[PDB]
There are 4 protein chains.
Amino acid sequence: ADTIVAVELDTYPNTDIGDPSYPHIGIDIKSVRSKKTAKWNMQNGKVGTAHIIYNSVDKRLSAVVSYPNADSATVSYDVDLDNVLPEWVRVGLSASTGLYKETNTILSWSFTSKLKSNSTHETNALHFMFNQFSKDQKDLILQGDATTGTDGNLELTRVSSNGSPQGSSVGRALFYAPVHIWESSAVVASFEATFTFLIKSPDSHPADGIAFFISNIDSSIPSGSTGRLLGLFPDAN
Amino acid sequence: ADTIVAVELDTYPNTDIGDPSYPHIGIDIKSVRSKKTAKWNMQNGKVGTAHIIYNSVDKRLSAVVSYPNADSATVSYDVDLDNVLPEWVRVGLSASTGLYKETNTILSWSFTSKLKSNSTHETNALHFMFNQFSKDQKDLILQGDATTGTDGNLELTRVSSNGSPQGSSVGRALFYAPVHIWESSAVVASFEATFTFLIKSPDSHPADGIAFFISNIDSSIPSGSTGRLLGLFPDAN
Amino acid sequence: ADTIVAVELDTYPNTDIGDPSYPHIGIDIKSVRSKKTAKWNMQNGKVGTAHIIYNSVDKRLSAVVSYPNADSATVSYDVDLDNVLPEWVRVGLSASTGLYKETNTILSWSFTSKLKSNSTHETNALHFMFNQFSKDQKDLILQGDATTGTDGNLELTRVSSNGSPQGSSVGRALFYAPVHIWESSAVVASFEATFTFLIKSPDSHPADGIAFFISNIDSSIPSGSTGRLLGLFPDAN
Amino acid sequence: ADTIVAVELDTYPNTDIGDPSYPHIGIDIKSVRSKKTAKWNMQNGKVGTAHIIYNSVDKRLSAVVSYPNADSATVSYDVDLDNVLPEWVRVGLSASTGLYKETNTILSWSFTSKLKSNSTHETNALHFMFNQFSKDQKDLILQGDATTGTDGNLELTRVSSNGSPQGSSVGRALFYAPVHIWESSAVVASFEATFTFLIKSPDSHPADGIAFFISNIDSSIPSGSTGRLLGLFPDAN
Ligand SMILES: [Ca+2]
Ligand SMILES: [Ca+2]
Ligand SMILES: [Ca+2]
Ligand SMILES: [Ca+2]
Ligand SMILES: [Zn+2]
Ligand SMILES: [Zn+2]
Ligand SMILES: [Zn+2]
Ligand SMILES: [Zn+2]
């Protein structure tokens with residue numbers, strides 16, 4: 001069904017499906033079983049920042065995740081996105097909880113995409129930046145349990161009145177406008193995304209994670225993708 | 001019905017509805033009868049550039065139109081857009097022909113909108129730039145006779161195979177994503193738009209013009225808005 | 001000597017030289033006696049944000065100052081900068097203390113300048129953004145007591161080891177590269193600046209203020225411009 | 001002496017110093033003998049566009065050169081610039097002619113550099129764009145025979161009144177402000193440069209080429225670097 005390319009900030013190690021034995025960042029190409037992962041020293045209750053970059057010349061998707069006053073974690077994977085995704089896609093953020101839980105709060109999100117053609121000065125670009133989310137954010141498609149406006153933040157998964165995260169929750173937010181990632185005369189296509197998040201859990205074992213993803217424009221949450229599937233995949237294959 | 005704020009590049013003087021006796025640029029606030037106009041030395045067959053700027057502190061909508069090697073024309077109007085438009089709008093380009101005609105070709109179009117909140121570093125932004133249009137431009141809503149792809153350009157009104165402009169034509173192109181122009185905690189909201197166009201006509205009297213506009217998100221071409229109504233207004237009041 | 005255009009965040013009311021009886025924001029055109037002022041509810045110890053905007057079509061210099069959770073203050077003044085400043089200028093921040101004192105800490109500073117020519121797509125631009133300052137910031141010219149690096153901030157005036165602000169201090173920081181604000185074929189020139197600051201004082205009467213300024217490229221701190229003269233003017237005329 | 005990293009658009013094959021037998025694009029790390037090259041189908045008299053990109057996560061310097069209606073050429077090289085260049089550098093364009101000649105005209109030049117720190121939202125950036133050059137371009141350091149203003153272009157090497165390129169010429173233009181490419185707390189540093197050029201020669205064998213380069217801030221044209229040395233290297237080692 002959906003074609004998904006995602007960078008996961010996986011908080012819970014599901015060693016039975018290929019996760020390493022610790023929280024990690026990974027690059028998922030059409031499967032929850034990451035093509036590449038890196039140990040991530042996740043900090044419960046602290047605001048982190050993720051940066052994702054890619055360009056069609058190098059064909060390498062890279063991500064860096066950091067917390068203030070700490071060393072960052074980085075993961076890269078050689079992949080030609082032209083061979084994986086359609087030329088028009090939507091970009092978004094996804095998150096889930098299962099038996100274990102955590103808040104999956106997004107405080108800001110920016111994205112820039114550029115397509116430079118062989119025509120002199122021919123540059124097509126799209127850029128958006130959210131540092132504040134309102135209750136009625138018309139330029140975002142919210143799916144599942146995702147809501148905006150609470151403290152000006154985007155809550156990807158269910159959080160009750162008292163601020164407590166709920167289990168078995170899944171939610172995604174996609175930018176309204178389709179994004180053009182390939183064009184026949186483009187000499188270089190590139191994108192960069194940045195988002196800050198706050199993962200907090202009253203438990204010693206938070207779950208399940210947050211993911212930045214790129215999909216077919218009509219992507220929807222697959223049935224039963226709560227928990228380990230991050231609201232992105234229908235199964236663990 | 002629709003709420004329209006537009007900057008018109010009016011090529012045909014309809015003196016019976018308030019147009020001055022020459023091609024002109026004007027600022028239209030909910031009516032085709034411009035609140036302010038300026039003489040425009042239109043050049044048949046030459047590529048021109050229009051710049052439109054506005055900010056919520058000054059509350060002045062200004063536009064500058066120029067052609068290479070020539071003096072520009074500028075028009076400004078004091079207007080508080082918060083009092084005219086809804087907080088969420090769509091932006092676009094419109095054009096028409098009637099008994100007289102011209103090509104209403106758009107070669108490039110960029111737009112930037114910013115909302116700066118009272119929160120330290122709280123900036124929400126949207127920016128798009130098209131220097132090339134493809135046949136299937138999924139991030140544009142095309143209405144009426146508007147088409148993309150021909151020579152990588154956006155043709156707002158009907159042009160036949162041989163490049164000849166057709167009469168009684170009307171077309172508009174709006175950016176797919178809604179644009180947020182007001183927010184309760186914004187201290188300054190601003191936008192700037194730029195587009196280059198090519199108006200060419202085999203006749204001594206081309207018509208009718210091109211307009212950059214901002215409207216309610218669900219705006220559609222009003223019935224019978226070809227010709228002098230620029231595909232924006234239902235009547236000449 | 002120097003030609004100065006500045007937006008002052010004046011913390012001390014020197015009613016003898018024209019200041020109103022309260023902290024205020026003002027627009028200074030070649031004189032410390034502001035052409036226009038607005039009451040400013042200054043908050044000792046809180047981080048504020050100032051936004052300054054201007055364009056050559058409207059010829060209006062406007063500034064907005066705000067603190068989180070508070071209403072902002074705004075001041076505007078109609079002035080054609082082409083008639084006041086040379087075509088090449090330097091932009092910077094200045095601050096001073098006198099018998100009364102305060103810290104004049106800058107946490108971030110961004111500036112964007114654009115010159116759009118009548119040539120199709122002819123845009124010249126300069127943009128810089130500092131969200132962190134290092135000890136050896138080679139792209140800034142520091143004058144007087146200004147230093148960078150302390151906590152990644154820019155300290156415009158002298159602050160001793162224990163964090164206490166010192167009196168009779170003056171310092172300025174200018175961006176290294178000259179900025180082009182006028183060009184014979186420009187149809188529109190514009191700029192926008194934003195900076196966040198932290199003014200803190202152990203006294204009930206802090207002084208003297210911070211100013212964003214634009215000057216001739218070779219501008220230097222005038223002799224005896226500590227205190228009420230904000231490190232910008234040689235006298236109070 | 002100078003530390004140079006450059007992307008050369010080499011028009012003349014000096015097979016005696018390692019050039020392949022055809023015009024080519026190459027990546028030079030402290031030596032004119034390119035670490036990597038790619039065949040370049042140079043078009044005499046046509047305006048081309050070069051794009052150069054790099055980021056500290058991937059540590060790969062890549063360049064793409066294209067002409068309208070033609071396939072592009074691309075070259076990449078894995079190199080960690082932190083290990084080659086100082087933390088503060090200047091960026092520029094260089095060109096030369098020798099016994100053979102060509103015009104080395106630059107029509108536009110843009111550059112963007114970003115340093116993202118581990119602090120939430122800590123981004124330092126520098127961006128400049130020249131689409132028009134004036135006679136007195138104060139934000140550029142011109143070395144050798146380089147001049148600005150002629151037709152609003154930057155002429156890197158000597159061209160006589162009649163538009164004819166002169167031999168044994170060398171010239172460079174560097175942006176005035178130093179550029180910060182490394183900082184202890186940066187999690188990702190990146191830059192992208194784009195320039196359009198016009199190489200024209202009345203001869204069948206034009207020479208010698210144009211290069212985008214990054215150097216120590218105080219870099220100057222090495223003695224005798226006309227011709228094959230591109231105004232960048234003191235010798236052919
Ligand atoms: Ca997992
Ligand atoms: Ca008319
Ligand atoms: Ca005062
Ligand atoms: Ca050579
Ligand atoms: Zn995983
Ligand atoms: Zn009219
Ligand atoms: Zn004052
Ligand atoms: Zn070579």
# chains A, B, ... in the order shown; residues from 1 in each chain; ligands from 1

$ interface_residues --of "chain D" --to "chain A" --cutoff "7 Å" --atoms "only C-alpha atoms" --output "list in words"
residues 49, 66, 67, 68, 72, 118, 119, 120 and 187 of chain D

$ residues_near_ligand --ligand "ligand 5" --cutoff "8 Å" --atoms "only C-alpha atoms and all ligand atoms" --output "number ranges by chain"
A: 8-14, 18-20, 23-26, 32-34, 37

$ calpha_fit_and_write --fixed "chain C" --moving "chain D" --output "compact mmCIF listing (two decimals) with C-alpha atoms, in the first residue's frame"
# COMPACT_ATOMS: atom_id res chain seq x y z
CA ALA D 1 30.94 63.29 11.55
CA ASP D 2 29.01 59.97 11.57
CA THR D 3 25.57 59.71 10.01
CA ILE D 4 23.33 57.69 12.31
CA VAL D 5 19.82 56.27 11.96
CA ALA D 6 18.85 54.27 15.04
CA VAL D 7 16.01 52.61 16.88
CA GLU D 8 16.60 53.08 20.61
CA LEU D 9 15.32 50.95 23.49
CA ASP D 10 15.85 53.77 26.00
CA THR D 11 15.66 52.56 29.60
CA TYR D 12 16.33 55.87 31.35
CA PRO D 13 14.15 59.00 30.95
CA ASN D 14 16.41 62.02 30.47
CA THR D 15 13.56 64.52 30.36
CA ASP D 16 16.09 67.35 30.02
CA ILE D 17 16.99 66.16 26.48
CA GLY D 18 13.50 65.33 25.26
CA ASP D 19 12.89 61.81 26.58
CA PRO D 20 9.33 61.21 27.74
CA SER D 21 8.98 60.38 31.50
CA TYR D 22 9.15 56.64 31.08
CA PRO D 23 11.23 53.94 29.36
CA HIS D 24 10.47 54.16 25.65
CA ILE D 25 11.35 53.02 22.18
CA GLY D 26 12.23 55.75 19.69
CA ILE D 27 13.41 56.47 16.18
CA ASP D 28 16.54 58.63 16.05
CA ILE D 29 17.50 60.30 12.79
CA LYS D 30 20.91 61.96 13.28
CA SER D 31 20.07 63.07 16.81
CA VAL D 32 19.49 61.48 20.23
CA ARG D 33 16.28 63.54 20.42
CA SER D 34 13.95 60.94 18.91
CA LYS D 35 11.71 61.99 16.04
CA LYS D 36 9.04 59.65 17.42
CA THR D 37 8.70 57.62 20.63
CA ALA D 38 6.31 55.14 22.24
CA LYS D 39 5.94 54.07 25.86
CA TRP D 40 7.80 50.85 26.54
CA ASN D 41 6.93 48.66 29.52
CA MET D 42 10.48 47.46 30.07
CA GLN D 43 10.89 44.23 32.10
CA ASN D 44 14.05 44.01 34.19
CA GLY D 45 15.60 40.57 33.84
CA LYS D 46 13.37 39.28 31.04
CA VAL D 47 14.44 38.43 27.48
CA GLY D 48 12.79 40.71 24.95
CA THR D 49 12.67 40.76 21.15
CA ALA D 50 12.91 43.79 18.82
CA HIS D 51 11.88 43.72 15.14
CA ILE D 52 12.79 46.57 12.77
CA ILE D 53 11.47 46.83 9.20
CA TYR D 54 11.78 49.29 6.30
CA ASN D 55 11.31 49.45 2.55
CA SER D 56 12.00 52.11 -0.07
CA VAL D 57 8.49 52.09 -1.57
CA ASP D 58 6.72 53.05 1.67
CA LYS D 59 9.68 54.94 3.23
CA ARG D 60 8.56 54.13 6.76
CA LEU D 61 10.88 52.82 9.44
CA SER D 62 8.93 50.75 11.99
CA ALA D 63 9.93 48.82 15.11
CA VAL D 64 8.07 46.44 17.40
CA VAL D 65 9.38 45.37 20.82
CA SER D 66 7.82 42.59 22.88
CA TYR D 67 8.29 40.27 25.83
CA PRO D 68 6.66 36.86 26.14
CA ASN D 69 3.10 36.96 27.63
CA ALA D 70 2.90 40.73 27.20
CA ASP D 71 1.49 43.29 24.80
CA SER D 72 4.08 44.84 22.49
CA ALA D 73 5.08 48.42 21.84
CA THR D 74 5.47 49.79 18.34
CA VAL D 75 6.76 53.03 16.82
CA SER D 76 6.90 54.18 13.20
CA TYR D 77 8.34 57.13 11.39
CA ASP D 78 8.06 58.27 7.75
CA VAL D 79 11.59 58.79 6.51
CA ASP D 80 13.31 58.29 3.19
CA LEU D 81 16.63 56.67 4.12
CA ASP D 82 18.07 57.41 0.64
CA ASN D 83 18.10 61.07 1.74
CA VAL D 84 19.77 60.39 5.08
CA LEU D 85 22.28 57.58 4.58
CA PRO D 86 24.99 56.87 2.00
CA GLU D 87 24.43 53.96 -0.43
CA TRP D 88 26.86 51.71 1.47
CA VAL D 89 26.44 51.41 5.22
CA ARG D 90 27.24 49.12 8.15
CA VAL D 91 24.59 47.91 10.59
CA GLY D 92 25.11 47.26 14.27
CA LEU D 93 24.01 47.29 17.91
CA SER D 94 25.12 49.81 20.51
CA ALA D 95 24.56 50.23 24.26
CA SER D 96 25.76 52.28 27.20
CA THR D 97 25.59 52.81 30.95
CA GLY D 98 26.42 55.98 32.88
CA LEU D 99 25.88 56.68 36.57
CA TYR D 100 23.00 54.21 36.41
CA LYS D 101 23.60 50.80 34.86
CA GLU D 102 22.28 47.54 33.45
CA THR D 103 23.56 44.54 31.47
CA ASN D 104 23.08 45.03 27.70
CA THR D 105 23.15 41.43 26.62
CA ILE D 106 22.33 40.32 23.10
CA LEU D 107 21.35 36.64 22.74
CA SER D 108 20.67 36.55 18.98
CA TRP D 109 20.67 38.90 15.99
CA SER D 110 19.48 38.47 12.41
CA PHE D 111 19.39 40.85 9.49
CA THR D 112 18.20 40.60 5.91
CA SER D 113 18.65 43.18 3.20
CA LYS D 114 17.30 42.96 -0.36
CA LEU D 115 17.77 45.09 -3.48
CA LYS D 116 15.48 44.16 -6.35
CA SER D 117 16.47 45.63 -9.72
CA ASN D 118 14.33 46.32 -12.79
CA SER D 119 16.13 43.48 -14.54
CA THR D 120 13.97 40.33 -14.58
CA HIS D 121 14.94 38.21 -11.51
CA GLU D 122 17.68 40.67 -10.49
CA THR D 123 17.83 40.36 -6.72
CA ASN D 124 20.87 41.12 -4.57
CA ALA D 125 20.59 39.95 -0.98
CA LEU D 126 22.49 39.75 2.28
CA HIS D 127 21.39 37.80 5.30
CA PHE D 128 23.11 36.86 8.54
CA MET D 129 21.86 35.19 11.68
CA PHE D 130 23.66 34.78 14.98
CA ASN D 131 22.04 32.61 17.62
CA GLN D 132 25.35 32.02 19.30
CA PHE D 133 28.44 34.25 19.56
CA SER D 134 31.99 32.85 20.00
CA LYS D 135 35.01 34.40 21.67
CA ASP D 136 36.63 35.10 18.32
CA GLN D 137 33.74 36.27 16.13
CA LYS D 138 35.67 37.38 13.04
CA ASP D 139 32.60 38.64 11.17
CA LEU D 140 31.82 41.31 13.78
CA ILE D 141 33.66 44.55 14.46
CA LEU D 142 33.56 45.10 18.24
CA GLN D 143 34.08 48.62 19.51
CA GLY D 144 34.49 49.94 23.02
CA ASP D 145 33.64 47.50 25.84
CA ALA D 146 31.71 45.02 23.69
CA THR D 147 32.79 41.34 24.03
CA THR D 148 31.49 38.00 22.68
CA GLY D 149 31.67 34.44 23.95
CA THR D 150 30.47 34.83 27.54
CA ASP D 151 27.76 32.15 27.66
CA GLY D 152 27.68 32.37 23.87
CA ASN D 153 26.27 35.89 24.17
CA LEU D 154 27.29 39.30 23.04
CA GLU D 155 27.83 41.67 25.97
CA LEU D 156 27.65 45.22 24.64
CA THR D 157 28.74 46.85 27.92
CA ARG D 158 31.07 45.83 30.72
CA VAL D 159 29.90 43.13 33.10
CA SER D 160 32.23 41.93 35.88
CA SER D 161 32.97 38.27 36.75
CA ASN D 162 30.05 38.04 39.22
CA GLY D 163 27.61 39.06 36.46
CA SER D 164 27.23 42.63 37.74
CA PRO D 165 26.89 45.43 35.15
CA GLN D 166 29.38 48.28 35.31
CA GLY D 167 28.67 51.98 34.94
CA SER D 168 30.16 54.45 32.43
CA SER D 169 30.42 51.71 29.80
CA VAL D 170 29.85 51.85 26.03
CA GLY D 171 30.20 49.20 23.34
CA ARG D 172 29.04 48.45 19.81
CA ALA D 173 29.12 45.50 17.40
CA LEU D 174 28.83 46.01 13.63
CA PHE D 175 28.56 43.33 10.98
CA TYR D 176 31.85 43.05 9.09
CA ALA D 177 30.54 43.42 5.54
CA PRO D 178 29.23 46.74 4.21
CA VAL D 179 25.55 46.62 3.23
CA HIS D 180 24.27 48.09 -0.05
CA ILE D 181 21.02 49.99 0.56
CA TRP D 182 20.61 51.90 -2.71
CA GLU D 183 21.48 51.17 -6.32
CA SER D 184 20.49 53.22 -9.39
CA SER D 185 18.37 50.48 -10.97
CA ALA D 186 16.71 49.15 -7.79
CA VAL D 187 12.91 49.25 -7.87
CA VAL D 188 12.61 48.20 -4.23
CA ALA D 189 15.11 48.04 -1.36
CA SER D 190 14.16 46.62 2.02
CA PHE D 191 15.59 45.29 5.24
CA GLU D 192 14.43 43.61 8.41
CA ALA D 193 16.36 43.10 11.61
CA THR D 194 15.53 41.12 14.72
CA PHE D 195 17.43 40.79 17.96
CA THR D 196 16.71 39.38 21.38
CA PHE D 197 18.13 41.07 24.43
CA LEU D 198 18.35 40.71 28.19
CA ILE D 199 18.45 43.94 30.19
CA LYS D 200 18.99 43.28 33.88
CA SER D 201 19.91 45.68 36.64
CA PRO D 202 20.23 45.39 40.40
CA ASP D 203 18.89 48.99 40.58
CA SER D 204 15.39 50.39 40.43
CA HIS D 205 16.57 52.80 37.76
CA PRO D 206 18.49 50.96 35.04
CA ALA D 207 20.26 52.92 32.25
CA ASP D 208 20.88 53.69 29.55
CA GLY D 209 19.60 51.49 26.74
CA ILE D 210 20.34 49.51 23.60
CA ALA D 211 20.04 50.73 20.01
CA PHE D 212 20.00 49.06 16.61
CA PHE D 213 21.72 51.46 14.20
CA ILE D 214 22.77 52.01 10.58
CA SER D 215 25.74 54.26 9.88
CA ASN D 216 28.45 55.26 7.45
CA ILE D 217 30.81 52.26 7.06
CA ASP D 218 33.66 53.86 9.01
CA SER D 219 31.58 54.84 12.03
CA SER D 220 33.28 54.77 15.44
CA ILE D 221 32.11 55.49 19.02
CA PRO D 222 32.00 59.29 19.47
CA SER D 223 34.09 60.66 22.34
CA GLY D 224 32.09 60.83 25.56
CA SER D 225 29.01 58.98 24.31
CA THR D 226 28.55 56.88 27.46
CA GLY D 227 25.34 57.27 29.38
CA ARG D 228 22.46 59.10 27.70
CA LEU D 229 24.17 59.31 24.31
CA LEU D 230 23.98 55.52 23.79
CA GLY D 231 27.43 55.30 22.21
CA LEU D 232 25.94 56.87 19.05
CA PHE D 233 25.96 60.65 19.34
CA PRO D 234 28.72 63.15 20.29
CA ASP D 235 26.21 65.49 21.96
CA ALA D 236 22.56 65.94 22.90
CA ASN D 237 21.55 68.23 20.03

$ select_by_dssp --residues "segment 72-169 of chain A" --states "helix (DSSP H, G or I)" --output "list in words"
residues 81, 82, 83, 150, 151 and 152 of chain A
